[PDB]
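Each chain is listed here by its residues.
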Amino acid sequence: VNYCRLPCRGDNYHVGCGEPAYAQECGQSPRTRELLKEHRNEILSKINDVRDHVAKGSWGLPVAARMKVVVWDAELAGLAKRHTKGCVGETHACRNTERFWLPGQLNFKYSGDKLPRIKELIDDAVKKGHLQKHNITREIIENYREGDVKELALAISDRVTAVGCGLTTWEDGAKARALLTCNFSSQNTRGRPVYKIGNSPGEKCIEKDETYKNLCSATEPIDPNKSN
Ligand SMILES: CCCCCCCCCCCCCCCC(=O)O
Ligand SMILES: [Pr+3]
């Protein structure tokens, strides 16, 4: 679609509208970084690993009734990439698409003396999410409220069906910096369950996956535009 002609409630500009440019806030040495097949696979791998693990009723969290295996979405990734060119985590841009009406978004920031390889930037984001296992609770799962839990909680939403990420790195303030942004097909909704509870893992899947045995397969007809 032409994002300039896809409106959104609130009437904010769409992140995809117009020609790409680096924000002045990126300083004068920004570079958008291509996430290659190996990177995309790793992101998916870790997201699906944690979903499968939580789905079994791990970490004291409830068993998940219908948690689907997540796929990579090129459109979401393209919008995430465009977002990173602003070098700012939170903005008020719209980022809706025709298939995904209210995409979720995570932003991972890095600042350090040296710039890590792309794989280390991804590992750092994963670690951050993983460490949130000490913050998330059965209560949060039953009734979403946003230490931090946003990143891990979005990864295990059973409304989420797809993810796509992008990355820009730059130099400012005597530091190497990065912004890794991941857009998801859905968002958690304040006051609603992160995922639906089951007595057994995938007890409500039309079909369970053979690889991530506690999740629904990739063809599970989950509507990402509905909440719990
Ligand atoms: C690029 C980051 C994607 C979004 C955040 C990722 C969510 C955390 C992933 C953690 C993976 C670890 C899951 C395995 C659970 C276990 O074996 O204990
Ligand atoms: Pr390519």
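Rules used in this analysis
Sequence order as written determines residue numbers, which begin from 1 on each chain and need not coincide with the entry numbering; residues that lack coordinates are not included. Starting at A for chains and at 1 for ligands, labels are handed out in the order in which the entities are written. Think of the side-chain values as coming from all heavy atoms in the structure, minus any hydrogens and water. Our working definition of a disulfide is a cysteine sulfur pair at a distance within 2.5 Å. UniProt positions are given in the numbering used here, feature names are shortened, and annotations may be inferred rather than shown by experiment. Segments assigned H or I by DSSP are reported as helices when at least four residues long, segments assigned E as strands when at least two residues long, and all are numbered from the N terminus. Residue exposure (1.4 Å probe, protein chains only): buried if accessible area is under 20% of the type maximum, exposed if over 50%, otherwise partly exposed. In what follows, salt bridge is the name for a side-chain nitrogen of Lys or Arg lying within 4 Å of a carboxyl oxygen of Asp or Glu. Distances are taken per atom, and a residue is near a molecule or strand as soon as one of its heavy atoms is within 4 Å of it. With residues, only the protein chains shown are counted as cover, and all accessible areas are computed by Shrake-Rupley using a 1.4 Å probe. Side-chain classes follow a simple rule in which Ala, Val, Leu, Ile, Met, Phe, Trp, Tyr, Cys and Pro form the nonpolar group, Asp, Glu, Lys and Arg form the charged group, and the remainder, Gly included, forms the polar group.

The deposited coordinates, according to the entry record, derive from X-ray crystallography at 1.6510 Å resolution.

Caption draft 1: Region of the structure containing the UniProt feature "disulfide bond" in the chain. For the UniProt disulfide linking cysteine 4 and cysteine 17, the S-S separation comes out at 2.0 Å, below the 2.5 Å cut-off, so the bridge is there in this model. With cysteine 4 in the segment before β1 (31-33) and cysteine 17 in the segment before β1, the pair connects residues that are 13 residues apart, well separated along the chain. Classification of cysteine 4 as partly exposed rests on a relative accessible area of 44%.

Caption draft 2: View of the pattern of salt bridges. Here the structure, examined in full by the defined rule, presents seven salt bridges. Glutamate 38 is the salt-bridge partner of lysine 119, the closest N and O atoms lying 2.9 Å from each other. One end of the pair, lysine 119, is in helix α3 (residues 118-130); the other, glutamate 38, is in helix α1 (residues 37-55), and 81 residues separate them in sequence. Residue classification places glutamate 38 among the partly exposed positions, given a relative accessible area of 43%. Across the pair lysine 226 and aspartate 223 runs a salt bridge whose closest N-O atoms are separated by 2.7 Å.

Caption draft 3: Region of the structure containing the site of ligand 1. Near ligand 1, the surroundings consist of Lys46, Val50, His53, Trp59, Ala125, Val126, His130 and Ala155. Computed on the free molecule, ligand 1 has an accessible area of 540 Å², of which 86% lies beneath the protein chains in the complex. Of all the secondary structure elements, the ones that give two or more residues to the shell around ligand 1 are α1 and α3. Class assignment for the residues of the shell around ligand 1 results in five nonpolar, two polar and one charged.

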